[PDB]
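Below: the structure, in structure tokens.
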Amino acid sequence: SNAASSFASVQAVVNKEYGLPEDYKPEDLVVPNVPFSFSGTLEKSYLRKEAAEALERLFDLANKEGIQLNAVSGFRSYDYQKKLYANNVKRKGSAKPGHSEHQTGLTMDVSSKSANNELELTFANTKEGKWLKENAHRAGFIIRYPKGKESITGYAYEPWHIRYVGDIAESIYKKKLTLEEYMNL
Ligand SMILES: [Cl-]
Ligand SMILES: [Cl-]
Ligand SMILES: [Cl-]
Ligand SMILES: [Cl-]
């Protein structure tokens, strides 16, 4: 009971405990037509079609209120996550392969120029970070790892990390719940 159930669902919970199939790669990956903090088309330029279109919509919403967001890193394959994890562990003198939500193709790191497009806490103090915190849900996204929820999500606050879950994001935001709690996983 270490394997994520309904692994391909928009509401799947992938975390320290629940892992995805090592051979799971979404079959509907596309590049969302949004600005990116990096050039070219790499594996991280993709999101599942539905999450891609939602992200485009979130960015249009942001632009209407003068908020300019940049996409930093989306989909990451099992293969990639393995190397990243191994090379990150030996740097002692990051999620385990399969246990990163990025492999679902529903997750995206976002930042802004006001934060040097970096994925750091300071992004929370920017007008863009704050807008994202309170507006992510309007497009189907949630801040996957909120402030004092590390006990439940297993990760410290990540203001830059959004997860597409669809219509339930509205309720998750209002009720101040984590995806774990909302899905009883
Ligand atoms: Cl691909
Ligand atoms: Cl949220
Ligand atoms: Cl919190
Ligand atoms: Cl925290």
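FYI, the numbering for the sequence shown is -2 to 0, 55 to 144, 152 to 243, going by the entry's author numbering. Yeah, the Cβ is synthetic: ideal placement off N, Cα and C, and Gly gets one too.
Residue i: CB within 7 Å of a non-hydrogen atom of ligand 2
{"i": "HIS219", "result": "no"}
{"i": "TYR231", "result": "yes"}
{"i": "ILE118", "result": "no"}
{"i": "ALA197", "result": "no"}
{"i": "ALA153", "result": "no"}
{"i": "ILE200", "result": "yes"}
{"i": "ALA194", "result": "yes"}
Length of the line joining the Cα atoms of residue i and residue j
{"i": "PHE181", "j": "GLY198", "result": "21 Å"}
{"i": "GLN132", "j": "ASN114", "result": "32 Å"}
{"i": "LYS100", "j": "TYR222", "result": "11 Å"}
{"i": "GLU228", "j": "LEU109", "result": "13 Å"}
{"i": "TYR69", "j": "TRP189", "result": "30 Å"}
{"i": "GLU94", "j": "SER57", "result": "23 Å"}
{"i": "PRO83", "j": "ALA102", "result": "9 Å"}
{"i": "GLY144", "j": "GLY125", "result": "30 Å"}
{"i": "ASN183", "j": "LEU106", "result": "22 Å"}
{"i": "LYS67", "j": "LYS185", "result": "31 Å"}
{"i": "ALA63", "j": "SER172", "result": "32 Å"}
{"i": "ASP225", "j": "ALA122", "result": "21 Å"}
{"i": "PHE87", "j": "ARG127", "result": "16 Å"}
{"i": "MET166", "j": "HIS160", "result": "7 Å"}
Simplified DSSP assignment, three categories, for residue i
{"i": "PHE110", "result": "helix"}
{"i": "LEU135", "result": "helix"}
{"i": "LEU80", "result": "strand"}
{"i": "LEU98", "result": "strand"}
{"i": "residue 148", "result": "The model contains no atoms for residue 148, which sits in the stretch where the chain goes from 144 to 152 directly."}
Any non-hydrogen atom of ligand 1 within 7 Å of residue i CB
{"i": "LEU190", "result": "no"}
{"i": "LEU164", "result": "no"}
{"i": "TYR129", "result": "no"}
{"i": "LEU135", "result": "no"}
{"i": "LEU80", "result": "yes"}
{"i": "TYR97", "result": "yes"}
Opening and closing residue of the beta strand (DSSP E) in which residue i lies
{"i": "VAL123", "result": "121 to 124"}
{"i": "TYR222", "result": "219 to 222"}
Limits of the alpha helix (DSSP H) - the one that residue i falls within
{"i": "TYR231", "result": "226 to 233"}
{"i": "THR211", "result": "208 to 211"}
{"i": "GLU238", "result": "237 to 241"}
Check: residue i C-beta below 7 Å from any heavy atom of ligand 3
{"i": "residue 148", "result": "Gap in the chain between 144 and 152; residue 148 lies inside it and carries no coordinates."}
Cβ-heavy atom distance, residue i to ligand 4, below 7 Å
{"i": "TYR215", "result": "yes"}
Secondary structure, alpha helix (DSSP H): runs of 4+ residues fully inside the region 164 to 202: Qualifying alpha helix (DSSP H) stretches, in chain order: 185 to 193.
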